[PDB]
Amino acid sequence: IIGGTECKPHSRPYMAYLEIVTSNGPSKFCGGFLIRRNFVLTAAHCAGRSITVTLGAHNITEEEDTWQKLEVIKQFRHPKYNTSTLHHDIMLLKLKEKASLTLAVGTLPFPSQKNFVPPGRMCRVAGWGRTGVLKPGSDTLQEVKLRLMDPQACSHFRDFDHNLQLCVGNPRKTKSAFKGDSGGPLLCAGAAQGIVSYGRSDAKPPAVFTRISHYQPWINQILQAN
């Protein structure tokens, strides 16, 4: 997160810290959010050979009792996910066991309300991502308030699609989700409307978020068949 502020410890109990393992490379890290005690929603590009989910964390460098390091039994990457266009950058992670509900760990009510369009211009996103282009991932959970933009603002991302994605972050500001924040939820009025997907390597906002409403039927199918 760039230009954000440290979250009040555990104030976002649904946040998930993912450590992704690959065959020929060091582990990578992403965000995500718990929507069912045994299901975490994140970005499809965060897929790997295996993934470990850490719930109840704030400062991920210091283990604590609130932590729940959970095994992922199966990764459900969206069938239409495309690495060249980055469309359908969404994935569901089924946890081997159902997480414990504590003050620090809880599910994000989803679905919620009923809208094909995310109301409100100001939303908020959190993550443990880099806080700058040459800055490393944050040890603590950071959050920032961002402006939902008209699709025109993301025209420069040639594969951006208003039906499938949200344009987030006033270009006049530095505030933005960044590398390491992928998979994190975009909350508007308390409801998850998007998922951090991608943007410019130079961090100039806005960034592209997966539009959740478009995937409601796919999400319900997966949750129903598992």
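Counting begins at 1, following the sequence as shown.
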| item | value |
| --- | --- |
| No coordinates for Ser138 in a third or more of the other PDB entries | no |
| At least a third of other PDB entries omit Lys114 | yes |
| Entry-level comparison of average CA B-factors, 38-46 and 181-189, reporting the higher stretch | 181-189 |
| Stretch exceeding the other in mean C-alpha B-factor - 163-171, 22-30 | 22-30 |
| Of the residues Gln75, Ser155, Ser100, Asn115, the one carrying the largest Cα B-factor as recorded | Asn115 |
| Third of the chain's Cα B-factor distribution that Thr210 belongs to, per the entry | lowest |
| Chain thirds of CA B-factor: placement of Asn59 | middle |
| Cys123 - which third its CA temperature factor falls in, relative to the rest of the chain | highest |
| For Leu86, the third of its chain into which the C-alpha B factor falls | highest |
| For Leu134, the third of its chain into which the C-alpha B factor falls | highest |
